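Have a look at the structure below, then the notes.
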Amino acid sequence: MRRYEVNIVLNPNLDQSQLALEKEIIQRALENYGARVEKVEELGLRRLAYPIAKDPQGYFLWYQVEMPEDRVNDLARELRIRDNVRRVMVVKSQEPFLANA
Amino acid sequence: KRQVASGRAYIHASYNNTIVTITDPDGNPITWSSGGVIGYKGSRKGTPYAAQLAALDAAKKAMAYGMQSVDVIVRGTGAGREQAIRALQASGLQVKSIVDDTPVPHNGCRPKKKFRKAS
Amino acid sequence: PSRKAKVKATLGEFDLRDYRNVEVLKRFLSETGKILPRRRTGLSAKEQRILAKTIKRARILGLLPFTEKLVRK
Amino acid sequence: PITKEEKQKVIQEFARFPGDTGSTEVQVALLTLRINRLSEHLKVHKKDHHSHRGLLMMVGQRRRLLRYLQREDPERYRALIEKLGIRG
RNA sequence: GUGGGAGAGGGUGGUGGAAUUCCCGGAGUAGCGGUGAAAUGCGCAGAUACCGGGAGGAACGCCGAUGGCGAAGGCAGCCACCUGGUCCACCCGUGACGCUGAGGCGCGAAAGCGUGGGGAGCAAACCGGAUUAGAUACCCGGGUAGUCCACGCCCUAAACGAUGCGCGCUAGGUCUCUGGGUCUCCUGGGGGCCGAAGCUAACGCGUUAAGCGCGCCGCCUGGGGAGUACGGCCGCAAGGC
Ligand SMILES: [K+]
Ligand SMILES: [K+]
Ligand SMILES: [K+]
Ligand SMILES: [K+]
Ligand SMILES: [Mg+2]
Ligand SMILES: [Mg+2]
Ligand SMILES: [Mg+2]
Ligand SMILES: [Mg+2]
Ligand SMILES: [Mg+2]
Ligand SMILES: [Mg+2]
Ligand SMILES: [Mg+2]
Ligand SMILES: [Mg+2]
Ligand SMILES: [Mg+2]
Ligand SMILES: [Mg+2]
Ligand SMILES: [Mg+2]
Ligand SMILES: [Mg+2]
Ligand SMILES: [Mg+2]
Ligand SMILES: [Mg+2]
Ligand SMILES: [Mg+2]
Ligand SMILES: [Mg+2]
Ligand SMILES: [Mg+2]
Ligand SMILES: [Mg+2]
Ligand SMILES: [Mg+2]
Ligand SMILES: [Mg+2]
Ligand SMILES: [Mg+2]
Ligand SMILES: [Mg+2]
Ligand SMILES: [Mg+2]
Ligand SMILES: [Mg+2]
Ligand SMILES: [Mg+2]
Ligand SMILES: [Mg+2]
Ligand SMILES: [Mg+2]
Ligand SMILES: [Mg+2]
Ligand SMILES: [Mg+2]
Ligand SMILES: [Mg+2]
Ligand SMILES: [Mg+2]
Ligand SMILES: [Mg+2]
Ligand SMILES: [Mg+2]
Ligand SMILES: [Mg+2]
Ligand SMILES: [Mg+2]
Ligand SMILES: [Mg+2]
Ligand SMILES: [Mg+2]
Ligand SMILES: [Mg+2]
Ligand SMILES: [Mg+2]
Ligand SMILES: [Mg+2]
Ligand SMILES: [Mg+2]
Ligand SMILES: [Mg+2]
Ligand SMILES: [Mg+2]
Ligand SMILES: [Mg+2]
Ligand SMILES: [Mg+2]
Ligand SMILES: [Mg+2]
Ligand SMILES: [Mg+2]
């Protein structure tokens with residue numbers, strides 16, 4: 001049971017129904033691996049620094065969660081099956097290291 | 001005969017030859033030139049003067065398509081890059097921006113023995 | 001000698017481990033997508049070491065560039 | 001890994017008295033726990049030699065501590081081996 | 001033990017972008033490439049240069065350093081999991097449980113061997129072009145094993161600090177990595193430079209000793225013959241001790 005952060009960049013050209021379906025599958029997959037969500041920050045469509053999947057923009061989602069470690073990798077794979085999902089990065093949570101304080 | 005009137009100018013400069021390809025804003029070429037298009041045959045192509053001649057020749061060929069403004073793009077380190085730059089700069093063609101976009105790898109492939117002692 | 005300005009001195013309070021804060025990490029990159037050296041950032045060894053990996057994360061996410069093109073040569 | 005609760009469990013289970021955290025029995029028990037965990041890690045990932053060296057060092061340390069206990073008080077030695085099931 | 005810390009330490013899975021090559025398409029024309037100069041080569045079956053798309057293999061630019069880690073070899077994109085070592089603070093626990101280490105056992109760059117796979121770039125041998133008095137070379141165009149992966153062998157090296165390990169003692173200054181603290185600075189561990197005493201044939205070493213001491217192991221006894229012969233052990237072989 002460790003605390004992680006999930007960054008999900010998906011297709012910005014999805015309508016509200018397709019986006020709702022993708023987020024539904026994301027939530028269902030999080031429940032299927034026992035990932036208790038603590039907070040969420042939906043930033044949405046943002047301008048990429050380089051084209052990803054031939055698209056200059058991407059829809060960003062972020063989830064701070066807590067889940068068993070042994071299946072973390074096994075969860076990331078499950079999130080890469082959807083073609084609309086194009087970037088999945090899970091990072092162990094870390095305390096902020098402030099500079100120029 | 002397309003009457004592009006505005007495009008890009010790629011300069012490929014190596015220690016052996018300098019070759020200028022003038023393209024449209026989408027990258028499709030229109031005309032081009034090099035040290036071999038001019039009478040120079042051997043090592044005289046890797047000469048800044050030969051690069052100037054190639055740039056001016058490609059520019060005059062682009063005048064046939066009625067092009068006025070260009071966007072210069074430089075690739076490769078070779079004697080004659082800056083000479084081709086100054087040739088295109090004052091040739092009737094308006095130079096809007098010069099950009100060096102030399103393809104540098106992130107240490108992917110192994111060079112030939114000529115370029116070793118590095119990665 | 002890089003006497004123009006230090007990126008840290010030209011900045012305030014910020015998190016060095018936040019890979020999502022793009023507007024602050026843009027300052028630590030050069031004109032190209034390259035990571036600025038110590039003489040330009042003015043950070044310490046530990047600070048620069050953390051900044052490097054956070055910048056790499058931001059690049060992989062598609063926020064920061066891997067490489068850019070030089071202009072006005 | 002080896003969390004703090006398991007470590008305290010085995011320490012309190014092998015403590016000679018309340019408060020003992022560094023007696024020979026406690027050290028041998030902790031080394032045995034680490035050795036079993038590393039052996040489970042080395043059944044899979046059999047190409048990991050750098051950790052295999054640490055396994056060798058832990059085994060040597062446990063053998064030296066058991067030899068000391070054998071020399072001083074063989075009764076606690078036999079009791080420790082009976083509780084932990086070592087030496088085959 | 002407790003509480004903190006730094007790290008390219010190792011293994012497994014996944015994943016990112018740049019570039020090379022190749023394929024598809026667009027656009028486009030007389031050469032490209034290469035060198036001291038050239039030629040082989042490739043190009044009218046449309047190359048080079050340019051744009052877009054796709055495949056594949058291999059290596060990780062900036063960060064990056066005179067830096068870090070590891071017992072050594074050695075380790076450099078990112079993420080996760082598994083995992084080794086190590087340092088500091090508290091002065092908490094055991095109570096000499098220590099040091100070294102013939103044998104033994106295991107690890108051990110590159111090259112090399114076996115089986116299977118992979119094969120973009122590079123490239124022994126080899127095919128050519130030059131150079132040359134000749135050129136079994138350097139230079140240029142190709143190119144196989146190999147380099148890569150899995151598993152099993154091989155045990156070598158300028159495997160280098162050409163300096164075995166451990167502990168204690170013996171001026172300092174400066175730079176740096178990493179902790180702790182009354183955070184100008186002090187204290188602990190580590191990486192460099194200059195230097196007290198002292199040592200050294202000299203060069204140089206000098207709290208990271210090559211100084212002063214103690215313990216234990218390894219090794220040397222003029223050069224060639226020769227790391228050869230014989231014998232043994234090991235190895236599929238090359239060959240190693
Ligand atoms: K080093
Ligand atoms: K073969
Ligand atoms: K030797
Ligand atoms: K401090
Ligand atoms: Mg997908
Ligand atoms: Mg030439
Ligand atoms: Mg590592
Ligand atoms: Mg084609
Ligand atoms: Mg060719
Ligand atoms: Mg060919
Ligand atoms: Mg021909
Ligand atoms: Mg024809
Ligand atoms: Mg090509
Ligand atoms: Mg392409
Ligand atoms: Mg292929
Ligand atoms: Mg560097
Ligand atoms: Mg070290
Ligand atoms: Mg070395
Ligand atoms: Mg005490
Ligand atoms: Mg007592
Ligand atoms: Mg020892
Ligand atoms: Mg031995
Ligand atoms: Mg070997
Ligand atoms: Mg090898
Ligand atoms: Mg082989
Ligand atoms: Mg094979
Ligand atoms: Mg080749
Ligand atoms: Mg030849
Ligand atoms: Mg001669
Ligand atoms: Mg001749
Ligand atoms: Mg060759
Ligand atoms: Mg081939
Ligand atoms: Mg073979
Ligand atoms: Mg050396
Ligand atoms: Mg040595
Ligand atoms: Mg000698
Ligand atoms: Mg020493
Ligand atoms: Mg020191
Ligand atoms: Mg000195
Ligand atoms: Mg003196
Ligand atoms: Mg002297
Ligand atoms: Mg000493
Ligand atoms: Mg002799
Ligand atoms: Mg003799
Ligand atoms: Mg000899
Ligand atoms: Mg020999
Ligand atoms: Mg014999
Ligand atoms: Mg035999
Ligand atoms: Mg032979
Ligand atoms: Mg031979
Ligand atoms: Mg021999």
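Every chain in the structure tokens takes a letter, A first, then B, and so on in the order presented; its residues are numbered from 1, and the ligands are numbered from 1 following the presented order.
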I'd like the contact shell of residue D:2 - 10 Å cut-off, only C-alpha atoms (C1' of nucleotides), skipping same-chain residues fewer than 5 positions apart - returned as a PyMOL selection string.
chain D and resi 7+33-34+37
Export, as a CSV table (one decimal), in the first residue's frame, the selected residues with N, CA, C and O atoms.
chain,number,residue,atom,x,y,z
D,7,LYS,N,9.8,-6.3,11.7
D,7,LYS,CA,11.0,-6.2,12.4
D,7,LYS,C,10.8,-6.2,13.9
D,7,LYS,O,11.4,-6.9,14.7
D,33,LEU,N,15.8,-13.8,8.9
D,33,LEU,CA,14.7,-13.3,8.1
D,33,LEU,C,15.2,-12.6,6.8
D,33,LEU,O,14.6,-12.9,5.7
D,34,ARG,N,16.3,-11.8,6.9
D,34,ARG,CA,16.8,-11.2,5.7
D,34,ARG,C,17.3,-12.2,4.7
D,34,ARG,O,17.2,-12.1,3.5
D,37,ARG,N,14.4,-13.9,3.0
D,37,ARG,CA,13.8,-12.9,2.0
D,37,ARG,C,14.7,-12.8,0.7
D,37,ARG,O,14.3,-12.9,-0.4
Kindly work out which residues sit at most 12 Å from ligand 43, using only C-alpha atoms (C1' of nucleotides) and all ligand atoms, and give the list as a ChimeraX atom specification.
/E:220-228
Around ligand 13, which protein and nucleic acid residues have at least one atom no more than 10 Å from it, if we count only C-alpha atoms (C1' of nucleotides) and all ligand atoms? List them as a list in words.
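I would give the residues around ligand 13 as residues 20, 21, 22, 47, 48 and 49 of chain E.
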Mind writing the picked residues with N, CA and C atoms (P, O5', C5', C4', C3', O3' and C1' of nucleotides) as a PDB file, in the first residue's frame?
ATOM      1  P     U E  20      19.356  10.946 -39.937  1.00  0.00           P
ATOM      2  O5'   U E  20      20.067   9.527 -40.054  1.00  0.00           O
ATOM      3  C5'   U E  20      21.483   9.422 -40.051  1.00  0.00           C
ATOM      4  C4'   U E  20      21.931   7.983 -40.026  1.00  0.00           C
ATOM      5  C3'   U E  20      21.311   7.075 -41.075  1.00  0.00           C
ATOM      6  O3'   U E  20      21.924   7.198 -42.347  1.00  0.00           O
ATOM      7  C1'   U E  20      21.231   6.008 -38.972  1.00  0.00           C
ATOM      8  P     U E  21      21.022   7.206 -43.676  1.00  0.00           P
ATOM      9  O5'   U E  21      20.631   5.676 -43.881  1.00  0.00           O
ATOM     10  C5'   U E  21      21.629   4.668 -43.928  1.00  0.00           C
ATOM     11  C4'   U E  21      21.035   3.296 -43.741  1.00  0.00           C
ATOM     12  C3'   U E  21      19.848   2.960 -44.629  1.00  0.00           C
ATOM     13  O3'   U E  21      20.227   2.570 -45.936  1.00  0.00           O
ATOM     14  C1'   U E  21      19.357   2.347 -42.403  1.00  0.00           C
ATOM     15  P     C E  22      19.362   3.049 -47.201  1.00  0.00           P
ATOM     16  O5'   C E  22      18.072   2.115 -47.154  1.00  0.00           O
ATOM     17  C5'   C E  22      18.200   0.702 -47.196  1.00  0.00           C
ATOM     18  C4'   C E  22      16.944   0.012 -46.727  1.00  0.00           C
ATOM     19  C3'   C E  22      15.659   0.409 -47.433  1.00  0.00           C
ATOM     20  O3'   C E  22      15.498  -0.213 -48.695  1.00  0.00           O
ATOM     21  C1'   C E  22      15.295   0.382 -45.103  1.00  0.00           C
ATOM     22  P     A E  47      14.800   9.223 -56.601  1.00  0.00           P
ATOM     23  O5'   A E  47      16.132   8.957 -55.768  1.00  0.00           O
ATOM     24  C5'   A E  47      16.669   7.647 -55.655  1.00  0.00           C
ATOM     25  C4'   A E  47      18.177   7.669 -55.645  1.00  0.00           C
ATOM     26  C3'   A E  47      18.821   8.651 -54.680  1.00  0.00           C
ATOM     27  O3'   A E  47      18.871   8.170 -53.347  1.00  0.00           O
ATOM     28  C1'   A E  47      19.853   8.840 -56.793  1.00  0.00           C
ATOM     29  P     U E  48      18.315   9.077 -52.141  1.00  0.00           P
ATOM     30  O5'   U E  48      19.366  10.269 -52.037  1.00  0.00           O
ATOM     31  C5'   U E  48      20.724  10.015 -51.711  1.00  0.00           C
ATOM     32  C4'   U E  48      21.601  11.206 -52.004  1.00  0.00           C
ATOM     33  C3'   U E  48      21.235  12.498 -51.288  1.00  0.00           C
ATOM     34  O3'   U E  48      21.714  12.545 -49.954  1.00  0.00           O
ATOM     35  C1'   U E  48      21.640  12.947 -53.574  1.00  0.00           C
ATOM     36  P     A E  49      20.699  12.810 -48.737  1.00  0.00           P
ATOM     37  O5'   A E  49      20.167  14.289 -48.992  1.00  0.00           O
ATOM     38  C5'   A E  49      21.037  15.408 -48.896  1.00  0.00           C
ATOM     39  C4'   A E  49      20.376  16.666 -49.400  1.00  0.00           C
ATOM     40  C3'   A E  49      19.006  16.986 -48.822  1.00  0.00           C
ATOM     41  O3'   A E  49      19.059  17.592 -47.542  1.00  0.00           O
ATOM     42  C1'   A E  49      18.929  17.211 -51.164  1.00  0.00           C
TER      43        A E  49
END
Looking at only C-alpha atoms, which of C:16, C:29, C:5, C:24 is the one that sits closest to residue C:50?
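With only C-alpha atoms as the atom set, the closest residue is C:16.
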Hey, list the chain A side of the contact with chain C: 10 Å cut-off, only C-alpha atoms, answer as a PyMOL selection string.
chain A and resi 7-9+46-52+56-58+60+62+87-89+91+94-101
Restricting the output to N, CA and C atoms, write the selected residues as a CSV table (one decimal), in the first residue's frame.
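File produced: selection-v3.csv:
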chain,number,residue,atom,x,y,z
A,7,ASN,N,-0.3,10.1,-14.3
A,7,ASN,CA,-0.5,11.1,-15.3
A,7,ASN,C,-1.0,10.4,-16.6
A,8,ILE,N,-2.2,10.9,-17.1
A,8,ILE,CA,-2.8,10.2,-18.3
A,8,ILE,C,-3.0,11.3,-19.3
A,9,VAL,N,-2.4,11.2,-20.4
A,9,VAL,CA,-2.6,12.1,-21.6
A,9,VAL,C,-3.3,11.4,-22.6
A,46,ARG,N,-4.1,20.8,-23.3
A,46,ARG,CA,-2.9,21.7,-23.2
A,46,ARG,C,-2.0,21.5,-24.4
A,47,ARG,N,-1.2,22.5,-24.7
A,47,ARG,CA,-0.4,22.5,-25.9
A,47,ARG,C,0.9,21.7,-25.6
A,48,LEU,N,1.2,20.7,-26.4
A,48,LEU,CA,2.3,19.9,-26.2
A,48,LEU,C,3.6,20.6,-26.8
A,49,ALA,N,4.7,20.2,-26.3
A,49,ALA,CA,6.0,20.7,-26.8
A,49,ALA,C,6.4,20.0,-28.1
A,50,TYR,N,5.9,18.9,-28.4
A,50,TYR,CA,6.2,18.1,-29.6
A,50,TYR,C,4.9,17.3,-29.9
A,51,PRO,N,4.7,17.0,-31.2
A,51,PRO,CA,3.5,16.2,-31.6
A,51,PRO,C,3.5,14.8,-31.0
A,52,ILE,N,2.4,14.5,-30.3
A,52,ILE,CA,2.2,13.1,-29.8
A,52,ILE,C,1.0,12.6,-30.5
A,56,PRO,N,-0.8,18.1,-31.9
A,56,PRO,CA,0.0,19.1,-31.2
A,56,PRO,C,-0.5,19.4,-29.8
A,57,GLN,N,-1.7,18.9,-29.4
A,57,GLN,CA,-2.2,19.1,-28.0
A,57,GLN,C,-2.6,17.7,-27.4
A,58,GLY,N,-2.8,17.8,-26.1
A,58,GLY,CA,-3.2,16.6,-25.4
A,58,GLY,C,-4.1,16.9,-24.2
A,60,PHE,N,-5.0,16.3,-20.5
A,60,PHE,CA,-4.2,15.8,-19.3
A,60,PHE,C,-5.2,15.5,-18.1
A,62,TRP,N,-4.8,13.8,-13.9
A,62,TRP,CA,-3.8,13.5,-12.9
A,62,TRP,C,-4.6,12.9,-11.7
A,87,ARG,N,-0.6,8.4,-23.3
A,87,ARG,CA,0.5,8.6,-22.4
A,87,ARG,C,0.0,8.2,-21.0
A,88,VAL,N,0.7,7.3,-20.4
A,88,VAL,CA,0.5,6.9,-19.0
A,88,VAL,C,1.8,6.8,-18.3
A,89,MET,N,1.9,7.7,-17.2
A,89,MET,CA,3.1,7.7,-16.4
A,89,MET,C,2.7,7.6,-14.9
A,91,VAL,N,4.2,7.6,-11.1
A,91,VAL,CA,5.4,8.0,-10.3
A,91,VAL,C,5.1,7.9,-8.8
A,94,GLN,N,6.4,11.9,-3.8
A,94,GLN,CA,7.5,12.4,-3.1
A,94,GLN,C,7.2,13.7,-2.5
A,95,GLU,N,7.8,14.0,-1.3
A,95,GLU,CA,7.6,15.3,-0.7
A,95,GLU,C,8.3,16.4,-1.5
A,96,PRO,N,7.7,17.6,-1.6
A,96,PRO,CA,8.2,18.6,-2.4
A,96,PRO,C,9.6,19.1,-1.9
A,97,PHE,N,10.5,19.2,-2.9
A,97,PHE,CA,11.9,19.7,-2.6
A,97,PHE,C,11.9,21.2,-3.1
A,98,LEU,N,11.7,22.1,-2.2
A,98,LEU,CA,11.7,23.5,-2.5
A,98,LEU,C,13.1,24.1,-2.6
A,99,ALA,N,13.3,25.0,-3.6
A,99,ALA,CA,14.5,25.7,-3.8
A,99,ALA,C,14.4,27.2,-3.7
A,100,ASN,N,15.5,27.8,-3.4
A,100,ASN,CA,15.5,29.3,-3.2
A,100,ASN,C,14.5,29.7,-2.1
A,101,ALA,N,14.6,28.9,-1.0
A,101,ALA,CA,13.7,29.2,0.2
A,101,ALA,C,14.4,30.0,1.2
For residue A:14, find every residue with an atom within 12 Å (counting only C-alpha atoms (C1' of nucleotides)), except residues of its own chain fewer than 5 positions away, and show them as a PyMOL selection string.
chain A and resi 19-23+44-45+58-59+83-85
Written selection (C-alpha atoms) as a PDB file, in the first residue's frame:
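Saved file result-v5.pdb follows:
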ATOM      1  CA  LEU A  19     -14.248  11.356 -22.842  1.00  0.00           C
ATOM      2  CA  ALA A  20     -16.811  10.159 -20.299  1.00  0.00           C
ATOM      3  CA  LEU A  21     -16.365   6.598 -21.576  1.00  0.00           C
ATOM      4  CA  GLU A  22     -12.571   6.805 -21.337  1.00  0.00           C
ATOM      5  CA  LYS A  23     -12.744   8.203 -17.800  1.00  0.00           C
ATOM      6  CA  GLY A  44      -7.615  19.061 -19.795  1.00  0.00           C
ATOM      7  CA  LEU A  45      -6.376  20.091 -23.224  1.00  0.00           C
ATOM      8  CA  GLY A  58      -3.230  16.584 -25.383  1.00  0.00           C
ATOM      9  CA  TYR A  59      -5.907  16.161 -22.703  1.00  0.00           C
ATOM     10  CA  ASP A  83      -6.142   3.695 -28.293  1.00  0.00           C
ATOM     11  CA  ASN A  84      -7.459   7.083 -27.144  1.00  0.00           C
ATOM     12  CA  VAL A  85      -5.087   6.837 -24.164  1.00  0.00           C
TER      13      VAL A  85
END
What residues of the protein or nucleic acid chains come within 10 Å of ligand 16 when you use only C-alpha atoms (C1' of nucleotides) and all ligand atoms? Reply as a VMD selection string.
chain E and resid 61 to 65
With a distance cut-off of 9 Å and only C-alpha atoms (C1' of nucleotides), select the neighbouring residues of residue E:215, excluding the residue or stretch itself and same-chain residues fewer than 5 positions from it, and output the selection as a PDB file with C-alpha atoms (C1' of nucleotides), in the first residue's frame.
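What landed in part-v3.pdb:
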ATOM      1  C1'   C E  99      41.925  -9.166  12.203  1.00  0.00           C
ATOM      2  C1'   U E 100      43.931 -11.813   8.306  1.00  0.00           C
ATOM      3  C1'   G E 166      42.876  -4.320   8.944  1.00  0.00           C
TER       4        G E 166
END
Check which residues fall inside 10 Å of ligand 32 when counting only C-alpha atoms (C1' of nucleotides) and all ligand atoms, and print them as a list in words.
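So, counting only C-alpha atoms (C1' of nucleotides) and all ligand atoms, the residues near ligand 32 are residues 21, 119, 120, 142, 143 and 144 of chain E.
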Could the residues in this selection be written to a file with N, CA, C and O atoms (P, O5', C5', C4', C3', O3' and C1' of nucleotides), as a PDB file, in the first residue's frame?
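Full text of again.pdb as output:
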ATOM      1  P     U E  21      21.022   7.206 -43.676  1.00  0.00           P
ATOM      2  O5'   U E  21      20.631   5.676 -43.881  1.00  0.00           O
ATOM      3  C5'   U E  21      21.629   4.668 -43.928  1.00  0.00           C
ATOM      4  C4'   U E  21      21.035   3.296 -43.741  1.00  0.00           C
ATOM      5  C3'   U E  21      19.848   2.960 -44.629  1.00  0.00           C
ATOM      6  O3'   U E  21      20.227   2.570 -45.936  1.00  0.00           O
ATOM      7  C1'   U E  21      19.357   2.347 -42.403  1.00  0.00           C
ATOM      8  P     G E 119      15.723  -9.176 -37.419  1.00  0.00           P
ATOM      9  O5'   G E 119      17.074  -8.390 -37.726  1.00  0.00           O
ATOM     10  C5'   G E 119      17.470  -7.284 -36.929  1.00  0.00           C
ATOM     11  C4'   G E 119      18.952  -7.029 -37.030  1.00  0.00           C
ATOM     12  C3'   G E 119      19.487  -6.769 -38.428  1.00  0.00           C
ATOM     13  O3'   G E 119      19.289  -5.429 -38.834  1.00  0.00           O
ATOM     14  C1'   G E 119      20.895  -8.306 -37.299  1.00  0.00           C
ATOM     15  P     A E 120      18.854  -5.083 -40.341  1.00  0.00           P
ATOM     16  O5'   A E 120      19.727  -3.797 -40.692  1.00  0.00           O
ATOM     17  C5'   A E 120      19.118  -2.637 -41.236  1.00  0.00           C
ATOM     18  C4'   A E 120      19.369  -1.418 -40.382  1.00  0.00           C
ATOM     19  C3'   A E 120      20.797  -0.904 -40.331  1.00  0.00           C
ATOM     20  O3'   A E 120      21.171  -0.167 -41.482  1.00  0.00           O
ATOM     21  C1'   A E 120      19.897  -0.927 -38.152  1.00  0.00           C
ATOM     22  P     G E 142      29.861   2.597 -49.233  1.00  0.00           P
ATOM     23  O5'   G E 142      29.609   1.171 -49.894  1.00  0.00           O
ATOM     24  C5'   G E 142      29.459   0.007 -49.096  1.00  0.00           C
ATOM     25  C4'   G E 142      29.798  -1.236 -49.877  1.00  0.00           C
ATOM     26  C3'   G E 142      29.565  -2.558 -49.160  1.00  0.00           C
ATOM     27  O3'   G E 142      28.212  -2.978 -49.197  1.00  0.00           O
ATOM     28  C1'   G E 142      31.705  -2.575 -50.144  1.00  0.00           C
ATOM     29  P     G E 143      27.472  -3.422 -47.842  1.00  0.00           P
ATOM     30  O5'   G E 143      28.263  -4.727 -47.380  1.00  0.00           O
ATOM     31  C5'   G E 143      28.320  -5.883 -48.204  1.00  0.00           C
ATOM     32  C4'   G E 143      29.356  -6.859 -47.709  1.00  0.00           C
ATOM     33  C3'   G E 143      29.208  -7.290 -46.257  1.00  0.00           C
ATOM     34  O3'   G E 143      28.279  -8.351 -46.102  1.00  0.00           O
ATOM     35  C1'   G E 143      31.449  -6.649 -46.667  1.00  0.00           C
ATOM     36  P     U E 144      27.402  -8.483 -44.762  1.00  0.00           P
ATOM     37  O5'   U E 144      28.039  -9.736 -44.012  1.00  0.00           O
ATOM     38  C5'   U E 144      27.882 -11.047 -44.539  1.00  0.00           C
ATOM     39  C4'   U E 144      28.841 -12.030 -43.913  1.00  0.00           C
ATOM     40  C3'   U E 144      28.845 -12.107 -42.394  1.00  0.00           C
ATOM     41  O3'   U E 144      27.764 -12.853 -41.864  1.00  0.00           O
ATOM     42  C1'   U E 144      31.067 -12.049 -43.181  1.00  0.00           C
TER      43        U E 144
END
As a list in words, please: the residues near stretch 66-79 of chain D (cut-off 12 Å, only C-alpha atoms (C1' of nucleotides), same-chain neighbours under 2 positions excluded).
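So, after excluding close chain neighbours, the residues are residues 14, 16, 23, 24, 25, 26, 27, 28, 29, 31, 32, 59, 60, 61, 62, 63, 64, 81, 82, 83, 84, 85, 86 and 87 of chain D; 94, 95, 96, 97 and 98 of chain E.
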Can you tell me which residues surround residue B:1 at a distance of at most 12 Å, considering only C-alpha atoms (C1' of nucleotides), apart from same-chain residues fewer than 6 positions away, and format the answer as a PDB file with N, CA and C atoms, in the first residue's frame?
ATOM      1  N   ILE B  30      11.234  22.762 -55.406  1.00  0.00           N
ATOM      2  CA  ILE B  30      10.855  23.446 -56.633  1.00  0.00           C
ATOM      3  C   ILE B  30      12.047  23.398 -57.577  1.00  0.00           C
ATOM      4  N   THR B  31      13.164  23.974 -57.138  1.00  0.00           N
ATOM      5  CA  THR B  31      14.437  23.879 -57.837  1.00  0.00           C
ATOM      6  C   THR B  31      15.520  23.584 -56.811  1.00  0.00           C
ATOM      7  N   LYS B  61      17.036  30.187 -60.251  1.00  0.00           N
ATOM      8  CA  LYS B  61      16.035  29.221 -60.699  1.00  0.00           C
ATOM      9  C   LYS B  61      14.704  29.441 -59.991  1.00  0.00           C
ATOM     10  N   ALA B  62      14.749  29.820 -58.713  1.00  0.00           N
ATOM     11  CA  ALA B  62      13.529  30.139 -57.986  1.00  0.00           C
ATOM     12  C   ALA B  62      12.896  31.435 -58.469  1.00  0.00           C
ATOM     13  N   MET B  63      13.687  32.336 -59.058  1.00  0.00           N
ATOM     14  CA  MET B  63      13.114  33.537 -59.658  1.00  0.00           C
ATOM     15  C   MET B  63      12.187  33.189 -60.814  1.00  0.00           C
ATOM     16  N   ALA B  64      12.460  32.082 -61.511  1.00  0.00           N
ATOM     17  CA  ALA B  64      11.592  31.660 -62.605  1.00  0.00           C
ATOM     18  C   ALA B  64      10.194  31.331 -62.101  1.00  0.00           C
ATOM     19  N   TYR B  65      10.097  30.770 -60.898  1.00  0.00           N
ATOM     20  CA  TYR B  65       8.812  30.534 -60.256  1.00  0.00           C
ATOM     21  C   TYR B  65       8.279  31.769 -59.542  1.00  0.00           C
ATOM     22  N   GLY B  66       8.928  32.916 -59.718  1.00  0.00           N
ATOM     23  CA  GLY B  66       8.443  34.165 -59.148  1.00  0.00           C
ATOM     24  C   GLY B  66       8.411  34.197 -57.637  1.00  0.00           C
ATOM     25  N   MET B  67       9.441  33.658 -56.988  1.00  0.00           N
ATOM     26  CA  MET B  67       9.503  33.651 -55.534  1.00  0.00           C
ATOM     27  C   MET B  67      10.299  34.848 -55.036  1.00  0.00           C
TER      28      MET B  67
END
